[PDB]
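# Chain and residue survey
These are the residues of each chain, in order.
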Amino acid sequence: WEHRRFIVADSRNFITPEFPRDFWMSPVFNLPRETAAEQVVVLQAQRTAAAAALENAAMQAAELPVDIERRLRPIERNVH
Amino acid sequence: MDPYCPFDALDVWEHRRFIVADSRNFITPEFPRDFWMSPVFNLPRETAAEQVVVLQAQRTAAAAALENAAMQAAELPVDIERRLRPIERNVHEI
């Protein structure tokens, strides 16, 4: 024995919300083809790429003290 | 505010085994609607425009540093040609 009140599930059932005068013209509903978010994402990706590339250049160019000593010292020994 | 409905309410006494045309009742929770707080979109502290401005300022700083690296590292061939040529001439003097 289970009892409760019932209300008919009718297709005619509609809901009536209310909208304020300042609803639709929120600034974000209407947006241009180009906003700041896409530039932010692309610029951050480029910044990370440059951060990696500077480190790669640092490790690629760290041989100058070795690239010069092995060119100068043997000539020193040869002359000496 | 109440959604419209032609039928107010009626008296129904359901059974267990013989629920024919088995419907789907709209279940309701038991905690009061006073505990169910209204939704708020927490706006971020910064806006994408301010993000563009700050990131562009940081790019300008990084580019200035890279330009400094360029001017300090572009003279290395000049150092090469300034240091070895007198020594090469001295070796030729022999």
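Residues numbered from 1 in each chain as written, not as in the entry; some residues may be left out. Chains lettered and ligands numbered in written order. Part of a larger assembly, values for the part shown. Heavy atoms only, no water. Residues with missing side-chain atoms left out of burial classes, pairs and counts.

Regarding how it was determined, this PDB entry cites cryo-EM in its header, along with a resolution of 4.5 Å.

### Quick notes on the overall build of chain A
Worth spelling out the cut-off: A helix here means a DSSP run of H or I that spans at least four residues, while a strand means a run of E at least two residues long, and both kinds are numbered starting from the N terminus. C-alpha atoms define the radius of gyration in this analysis, and the globule rule sets the expected value at 2.2 Å times the number of residues to the power 0.38.
The helix and strand inventory of chain A stands at two helices and one strand. Against the globule reference of 12 Å for 80 residues, chain A gives a C-alpha radius of gyration of 36 Å, more extended than a compact globule. By principal-axis analysis of the C-alpha atoms, chain A measures approximately 110 × 45 × 15 Å.

### Concerning the interface of chain A and chain B
Rules: Only heavy atoms matter for contacts: two residues are in contact if any of them lie within 4.5 Å across the pair. Note on terms: buried area is the combined drop in 1.4 Å-probe accessible area of two parts once they are placed together, counting the loss on both. Definition used for salt bridges: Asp or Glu carboxyl oxygen within 4 Å of a side-chain nitrogen of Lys or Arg. A 3.5 Å cut-off defines polar contacts: any pair of N or O atoms within that distance qualifies, except that in protein one atom must be a possible hydrogen donor and the other a possible acceptor, and neighbouring residues in sequence count only when both atoms are side-chain atoms.
Contact residues are listed per partner, giving 25 residues for chain A and 28 residues for chain B. Of the roughly 2,400 Å² buried between chain A and chain B on both sides combined, carbon and sulfur atoms contribute 58%. Considering only the side of chain A, the residues that lose the most area to chain B are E2(A), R4(A) and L43(A), jointly responsible for 23% of the buried surface there. The interface formed by chain A and chain B includes two salt bridges. A salt bridge links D11(B) to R5(A), with the nearest nitrogen and oxygen atoms 3.8 Å apart. Our count for the contact surface shared by chain A and chain B stands at 10 residue pairs in polar contact. For the side of chain A that touches chain B, the elements supplying multiple residues, two or more each, are β1 (2-6), α1 (36-60) and α2 (64-79) of chain A. The element that contributes the greatest number of residues to the side of chain A that touches chain B is α1(A), accounting for eight residues.

### Comments concerning the environment of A64(B)
Residues and elements named next belong to chain B. Applied cut-off: Each residue gets one of three labels from its accessible area relative to the maximum for its type: buried under 20%, exposed over 50%, partly exposed in between, using a 1.4 Å probe on protein chains only.
For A64, the position within the fold is in helix α1 (residues 48-73). For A64, a relative accessible area of 47% corresponds to the partly exposed category. A sequence separation of 11 residues divides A64 from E75, and the C-alpha atoms of the two residues are 18 Å apart.

### Details of the nonpolar core
Rules: By nonpolar core is meant a set of buried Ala, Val, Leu, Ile, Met, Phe, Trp, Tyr and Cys residues that side-chain atoms within 4.5 Å join together.
With five residues, the main nonpolar core is built from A36(A), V40(A), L43(A), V52(B) and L55(B). Counting residues per element, the ones that place at least two in this core are α1 of chain A together with α1 of chain B. Top element by residues in this core is α1(A). It accounts for three residues. When residues no more than four places from it in sequence are discounted, the contact partners of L55(B) are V40(A), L43(A), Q44(A) and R47(A).

### Digging into the pattern of salt bridges
Applying the stated rule across the entire model yields seven salt bridges over all chains. Put simply, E76(A) and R73(A) hold a salt bridge, and the shortest N to O gap is 3.5 Å. On the criterion of helical spacing, the pair formed by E76(A) and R73(A) is a turn pair, its members being three residues apart in helix α2. Residue classification places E76(A) among the partly exposed positions, given a relative accessible area of 48%. In this structure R73(A) comes out as exposed when scored by relative accessible area, which is 51%. Between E81(B) and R85(B) there is a salt bridge, and its shortest N-O distance comes to 3.1 Å. Residue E81(B) and its partner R85(B) are both found in helix α2 (residues 76-93); the two are separated by four residues, about one turn of the helix. Accessibility expressed as a relative area gives 48% for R85(B), which makes it partly exposed.

### So, α1(A)
Working note: α-helix, 3.6 residues per turn, so residues spaced by three or four point in the same direction. Applied cut-off: To estimate how far a helix should extend, the number of its residues minus one is multiplied by 1.5 Å.
In this model α1(A) runs 35 Å from its N-terminal to its C-terminal C-alpha over 25 residues, within 8% of the 36 Å that 1.5 Å per residue would give. Buried residues along α1(A) sit in contact with α1 of chain B.

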